[PDB]
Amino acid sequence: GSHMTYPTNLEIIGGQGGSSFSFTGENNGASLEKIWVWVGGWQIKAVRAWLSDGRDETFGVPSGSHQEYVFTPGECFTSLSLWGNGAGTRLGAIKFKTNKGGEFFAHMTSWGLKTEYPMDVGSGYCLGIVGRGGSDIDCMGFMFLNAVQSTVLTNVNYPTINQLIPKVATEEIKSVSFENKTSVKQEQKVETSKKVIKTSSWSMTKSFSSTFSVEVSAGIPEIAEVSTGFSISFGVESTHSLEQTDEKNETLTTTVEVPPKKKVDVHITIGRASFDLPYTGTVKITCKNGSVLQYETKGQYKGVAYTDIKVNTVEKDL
């Protein structure tokens, strides 16, 4: 009596005729964005569906005018009910509600509805539709992602990182001139503080990101000034949110050596690097029931990073 769970929830209602179809985003996380439904006297006549990745297909044969539902980003199902045509030979009706307060009811027009089949919408995130059609919709179900435990973007790579040439802007923090007219050496302490705002951003479709809290397990591009110039590095892997902002007061204390009969001008700066480059990674969705749905993705990473505070001293003779 072993028990198998799945990342998706699908209950098909109707008869056994027609030819099989599967129109879902279980390959790439795409969701149902729009649905057109044509009804007949004793069946659902046809369905045309659009997924968030641009796929568009029609099942059954349209007749007359259609009812539409357009889903907006983050709009999930709150409930779903299907009816057969009462004769066990066709789908008869579709009823659903969404988390934005929308409702949709399309039903056959001649025969009355009999047994209602209320569905578990899982997470509410609808991956699409599965069933059988021919002239009509013989049977159909809506596929849902089951209730989600975590959604992690991981195995992140930046394919062009090693070709990228860092665009570093200089930010002036402070300058001071010191003067030593004595014939002995002198030392001057200089303290520096500077707010740095580090940012990380990994692009993702608004519908997926608005529905799920995506944690990122990734290194980020980092900037540092070395001898030859500015170096970009693929940083160590850690946890981030999809959009992240970290603020800090970066500080430094410097002791400047001011030699006899010379003035030393001290220039303190920091470099701000803007990153904008493609990433690849894997979305791993872990459902509450222990199952996993995963797929490969790619998008754009945007980031702001800072170098260390840099101190530059120049000796003058006056």
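Numbering starts at 1 and runs along the sequence shown.
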query	finding
Stretch with the greater mean C-alpha B-factor as recorded in the entry, comparing 97-105 against 233-241	233-241
117-125 versus 165-173 - which carries the larger mean C-alpha B factor in the record	165-173
Per the PDB entry, maximal CA B factor within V39, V61, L51, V258	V258
Residue of maximum C-alpha B factor among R132, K194, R90, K181, per deposited coordinates	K181
Lowest, middle or highest third - CA B-factor, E68	lowest
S227 - Cα temperature factor, lowest/middle/highest third of chain	highest
Assigned third (lowest, middle, highest) for the C-alpha B factor of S31	lowest
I137 - which third its CA temperature factor falls in, relative to the rest of the chain	lowest
Chain-wide C-alpha B factor ranking for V156, given as lowest, middle or highest third	middle
